[PDB]
Protein chains: 2
Amino acid sequence: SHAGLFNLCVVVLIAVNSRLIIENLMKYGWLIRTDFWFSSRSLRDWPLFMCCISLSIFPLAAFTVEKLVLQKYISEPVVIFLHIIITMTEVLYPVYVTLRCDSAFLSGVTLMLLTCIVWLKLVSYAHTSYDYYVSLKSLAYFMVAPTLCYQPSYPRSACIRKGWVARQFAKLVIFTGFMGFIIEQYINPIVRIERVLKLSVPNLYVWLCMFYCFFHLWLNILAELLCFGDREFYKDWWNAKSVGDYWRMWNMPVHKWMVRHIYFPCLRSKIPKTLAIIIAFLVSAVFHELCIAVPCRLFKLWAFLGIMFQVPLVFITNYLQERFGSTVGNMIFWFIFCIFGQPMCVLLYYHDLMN
Amino acid sequence: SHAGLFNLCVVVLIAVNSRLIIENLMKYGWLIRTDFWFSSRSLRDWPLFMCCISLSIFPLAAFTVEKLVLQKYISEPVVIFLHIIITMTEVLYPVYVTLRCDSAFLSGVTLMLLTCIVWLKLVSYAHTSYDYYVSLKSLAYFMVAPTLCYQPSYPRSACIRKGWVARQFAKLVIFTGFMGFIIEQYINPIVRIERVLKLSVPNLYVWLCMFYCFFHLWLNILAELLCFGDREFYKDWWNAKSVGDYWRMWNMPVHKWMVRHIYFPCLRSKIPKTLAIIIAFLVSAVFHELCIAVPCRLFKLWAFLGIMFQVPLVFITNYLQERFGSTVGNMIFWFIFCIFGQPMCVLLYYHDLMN
Ligand SMILES: CCCCCCCC/C=C\CCCCCCCC(=O)OC[C@H](COC(=O)CCCCCCC/C=C/CCCCCCCC)OC(=O)CCCCCCC/C=C\CCCCCCCC
Ligand SMILES: CCCCCCCC/C=C\CCCCCCCC(=O)OC[C@H](COC(=O)CCCCCCC/C=C/CCCCCCCC)OC(=O)CCCCCCC/C=C\CCCCCCCC
Ligand SMILES: CCCCCCCC/C=C\CCCCCCCC(=O)O
Ligand SMILES: CCCCCCCC/C=C\CCCCCCCC(=O)O
């Protein structure tokens, strides 16, 4: 029920290194100096964080495709064409903003992540129903809601616990600081066969702390502050028998965005392989490549090819899970997630950024 | 439900070191050389493993205190005196065997562990009921049963699954070999403030692998071969809010041996502190000191004082868990279990053995 071994990992990586106090060298307010964003309100990161506010205008377009009634100057291919156009400019504008304006790493990462999330929300709004109104602020709650499925009707009318979520925010900032410490003093000295695994041992813990920061801490804080309900935002992916089992429980918001893309809304095409393994993962590869490669300002297509090489890993690991046990299935998931996977998909870009 | 992060730890400590194959130097059948027992059927370990067979004769005595009916030549203090005597000689004979006969470490460890388990089984038989028979082989099943409570009546009338248990035995031998590898190449080079934690980081993983070997693997194999049922042999101790909570779910056999020692069979004395914290833990300290110090053949009383100083940690950590959070309570449990606890309670004796 609780965390358990995560607190063990945190305290043992505190205990391994000699910085037992927050003052490492001198005058450090946190346990690490501010290395994630730093600077101030300057022109380096000014258009990147002002672009995310611009991502509010694309839901505001899409409601004005649907709040415009369908007998009022719009026809049946026109509304789909407007939906495709207002999603495509929504993707293409922050890419141009991040590539033109030279900036840091994390500001581009959060702008691009917000762009991908807003895109998935937009596509889930566009095709989810039958065809001045009474629901004009439903899209303004779905924008800052964790789910990627429209008309949730999940109970907002509840007592907001101002407590617990505050503790969760403290856990969030201290684990982001722990992420920064592991990055600064475990991976940065390495950059300037088994050496790849020696390089990739700390970034697996960095990804584990990333998942604890976003899906358990941040997504529950977001579901609590606007009192969504703190719902199931993932299942037990850490005991993934296969990597295809990993993809269906690491992200319960994205998986419900996939069900319209796989089941009865998309069951009119009747194809097993491309509809689940290729184009549903082409979506995730595009919105991985945009999230990792555009902030580094070099396009080597490594995150895209990493996810597209992780696509045959589904077919290999499901059969290897059927062949071997659920133990060796999870061990081969952890090894294939460590050395050729999502942590290494940011290790390559970090090495290309810091060299 | 599954293991999850344990397979991650196994594969990441495989990936850290360069021995990616079982042939480390030359001719190694396992992934470590045979260092646990080794030798052969020689006179060094001959009386130690022949003493465990002798531990069968003390249940065979105790049934002959109870199959001898209380109207047949025995009175009410005499049966209790016979019970005390046949438990005390049961403890004191393998101590003399291990101390007189100079031998290895693990043979003494398994002899003393069997002595402690047989003692707890004997005490839980002497006082568990009201007062040639029809149940003459019940004590010969309780001897090789995981529980420490008498008259279980748990269903042996079931089909033994020959599968899974075999897989569990393969997991057991490979995790014992992985234990030997971590001991050989992570702790042995260290022996000849933060240096104590640098010494005690691999032994926490060694204890984690010991718990996975004994309580999840070996005890389920034992409960399968005799088709006991593979019952609850521990609960989630890894998310212990306190060490006082850790002691009640690390060992569900020992905890039910403690419930008769605390509740209604032993509630006639009505004392809160000594009946739960001192003399219910003096048992565990004595049968820790017999297990770790007698095989090392030096009596520095370190495991006994380690458990007895681990006793006030219950009183500190219950209030510190009421004060701080369940996250910080688990982190302080993991730190207080790492540096001054059961893994360090074998680290001191291993340092004194290998130097
Ligand atoms: C006049 C005054 C001026 C106006 C003032 C206005 C303020 C301006 C603007 C603010 C933004 C605009 C707000 C508009 C949209 C609101 C959306 C929102 O609030 O959250 C909704 C969303 C969560 O998305 C994120 O948070 C992502 C961002 C988190 C990144 C880190 C960011 C730190 C943040 C701030 C730093 C500030 C600190 C000080 C520095 C300041 C100096 C520089 O939830 C979902 O729906 C998703 C659920 C579905 C999951 C999708 C798939 C899962 C994907 C990934 C898993 C991998 C994640 C790894 C994480 C990568 C990084 C390690
Ligand atoms: C004519 C032919 C000759 C005659 C042939 C006969 C053979 C003679 C004899 C064999 C024994 C006598 C059998 C008689 C009794 C049977 C009892 C039995 O079988 O198990 C019952 C018991 C389990 O106890 C153990 O196994 C403990 C032993 C495991 C130790 C390792 C041992 C490896 C074993 C063998 C090695 C051999 C390999 C080849 C080498 C050979 C060359 C040298 O279960 C419970 O009830 C307990 C549940 C309650 C829990 C109590 C509290 C929890 C405590 C601790 C947690 C910490 C554990 C740390 C682990 C310590 C190590 C790091
Ligand atoms: C090694 C240094 C790490 C620095 C921080 C990490 C930077 C990149 C982090 C995450 C990239 C995106 C991961 C999740 C992608 C899914 C996004 C989506 O599907 O829309
Ligand atoms: C660091 C090297 C490790 C070598 C193997 C470990 C040797 C000792 C292991 C366990 C000792 C006993 C631990 C549990 C004691 C409980 C016994 C009881 O309550 O009867």
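Residues numbered from 1 in each chain as written, not as in the entry; some residues may be left out. Chains lettered and ligands numbered in written order. Heavy atoms only, no water.

## Quick word on the UniProt feature "active site" in chain A
All names here are of chain A. On the UniProt side, "active site" is annotated at positions that read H288 here. Relative to the assigned elements, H288 resides in helix α11 (residues 274–296). Contacts of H288, omitting those with residues within four sequence positions, involve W247, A303, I307 and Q342. (UniProt positions renumbered as here; feature names shortened; annotations may be inferred. Helix = DSSP H or I, 4+ residues; strand = E, 2+ residues; numbered from the N terminus. Contact = heavy atoms within 4.5 Å.)

## Quick look at the nonpolar core
In terms of nonpolar packing, the biggest core is built from 50 residues, with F175, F178, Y205, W257 and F287 of chain A touching the most fellow members. Taken together, the elements giving at least two residues each to this core come down to α1 (5–16), α4 (76–100), α5 (106–126), α7 (162–187), α8 (194–225), α10 (252–262), α11 and α14 (344–353) of chain A. Not counting the four nearest positions on each side in its chain, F287 of chain A is found in contact with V91, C116, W119 and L120 of chain A. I32, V95, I183 and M344 of chain B belong to the second-largest nonpolar core, a separate cluster that totals 49 residues. (Core = buried A, V, L, I, M, F, W, Y, C linked by side-chain atoms within 4.5 Å. Buried < 20%, exposed > 50% of the residue type's maximum accessible area, 1.4 Å probe, protein only.)

## Looking at α8 of chain A
All names here are of chain A. With 32 residues, α8 should cover 46 Å at 1.5 Å per step; its first-to-last C-alpha distance of 45 Å lies within 8% of that length. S200 marks where α8 bends most, by close to 35°; the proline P202 follows one to four residues later. Phi turns positive one or two residues past the end of α8, at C227, with a value near 45°. (Expected span 1.5 Å × (residues − 1). Bend = angle between axes of the 7 residues up to and from the residue.)

## Some remarks on the pattern of salt bridges
Any two side chains of opposite charge can pair, so long as their charged atoms come close to each other. Residues and elements named next belong to chain A. All chains considered together, the criterion is met by 11 salt bridges over all chains. In this structure, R195 engages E194 in a salt bridge whose closest nitrogen and oxygen atoms are separated by 2.5 Å. With a relative accessible area of 51%, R195 lands in the exposed category. One network of salt bridges, in which partners are shared, links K241, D245 and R248. (Salt bridge = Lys/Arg side-chain N within 4 Å of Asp/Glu carboxyl O.)

## Looking at the interface of chain A and chain B
Of the residues lining the interface, 31 residues belong to chain A; the matching set on chain B comes to 31 residues. The largest contributions to the chain A side of the interface with chain B come from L5, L8 and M331 of chain A, which together make up 17% of the buried area. Here chain A is connected to chain B by zero salt bridges. Applying the counting rule to chain A against chain B returns four residue pairs in polar contact. For the side of chain A that touches chain B, the secondary-structure elements that each account for two or more residues are α1, α7, α8 and α13 (326–338) of chain A. For the side of chain A that touches chain B, the leading source of residues is α1 of chain A, giving eight residues. In terms of residue class, the side of chain A that touches chain B is made up of 17 nonpolar, 10 polar and four charged. (Buried area = accessible area lost by both parts, 1.4 Å probe. Polar contact = N/O pair within 3.5 Å; in protein donor to acceptor, adjacent residues only side chain to side chain. Nonpolar A, V, L, I, M, F, W, Y, C, P; charged D, E, K, R; others polar.)

## A look at the site of ligand 4
Residues and elements named next belong to chain B. Near ligand 4, the surroundings consist of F105, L113, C116, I183, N203, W207, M210, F287, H288, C291, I292 and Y350. Within the complex, 90% of the 580 Å² of free accessible area of ligand 4 lies under protein. The element that contributes the greatest number of residues to the shell around ligand 4 is helix α11 (residues 274–296), accounting for four residues. In the shell around ligand 4, the residues fall into 10 nonpolar, two polar and no charged. (Near = heavy atom within 4 Å. Areas by Shrake-Rupley, 256 points an atom, 1.4 Å probe, with all protein chains shown as cover.)

## Focus on unusual backbone geometry
Residues and elements named next belong to chain B. Not every positive phi belongs to a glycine, and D230 is a case in point at roughly 55°. Residue position: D230 is located in the loop between α8 (194–225) and α9 (243–246). For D230, a relative accessible area of 18% corresponds to the buried category. Positive phi is not limited to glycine here, since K270 has a value of about 60°.

## A closer look at the packing of α8 of chain A against α13 of chain A
All names here are of chain A. As a packed pair, α8 and α13 sit with axes 9 Å apart at the nearest point and diverge in direction by 105°. Taken together, the axis directions place α8 and α13 in an arrangement best described as roughly perpendicular. Residue-level contacts link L197, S200, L204, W207 and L208 of α8 to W334, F335, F337 and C338 of α13. Across the contact of α8 with α13, the residue classes tally to eight nonpolar, one polar and no charged. (Axes fitted to C-alpha atoms, helices over the stretch in contact; angles between N-to-C directions. Parallel < 35°, antiparallel > 145°, perpendicular 65-115°, else oblique.)

## Things to note about empty space enclosed by the protein
Residue and element names in this part refer to chain A. Its boundaries defined by the atoms lining it, the largest cavity holds a volume of some 70 Å³. The wall of the largest cavity is formed by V243, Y246, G306, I307, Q310, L313, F333, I336, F337, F340, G341 and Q342. Mapped by element, the contributors of at least two residues to the lining of the largest cavity are α9 (243–246), α12 (302–323) and α13. Top element by residues in the lining of the largest cavity is α12. It accounts for four residues. A per-class count over the lining of the largest cavity returns eight nonpolar, four polar and no charged. Its boundaries defined by the atoms lining it, the second largest cavity holds a volume of some 60 Å³. (1 Å grid on protein atoms, 1.4 Å probe; cavity = no way out; pocket = protein on both sides within 12 Å on 5 of 7 lines; lining within 4 Å. Points joined across faces, edges and corners; volume = space filled by probe spheres on them.)

## Quick word on the site of ligand 1
All names here are of chain A. As a structural note, the neighbourhood of ligand 1 is formed by 20 residues, with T110, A145, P146, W218 and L222 the closest of them. In this structure, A145 approaches ligand 1 through a main-chain N or O atom, which is 3.0 Å from an oxygen atom. A distance of 3.0 Å is found between an oxygen atom of ligand 1 and a side-chain nitrogen or oxygen belonging to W218. Calculation on ligand 1 without its partners gives an accessible area of 1,600 Å², and the protein chains cover 63% of this total. Sorting the residues of the shell around ligand 1 by element identifies α2 (46–54), α5, α8 and α10 as the ones contributing at least two each. Broken down by element, the residue count for the shell around ligand 1 peaks at seven residues, all from α5. Taken together, the residues that form the shell around ligand 1 break down as 17 nonpolar, two polar and one charged.

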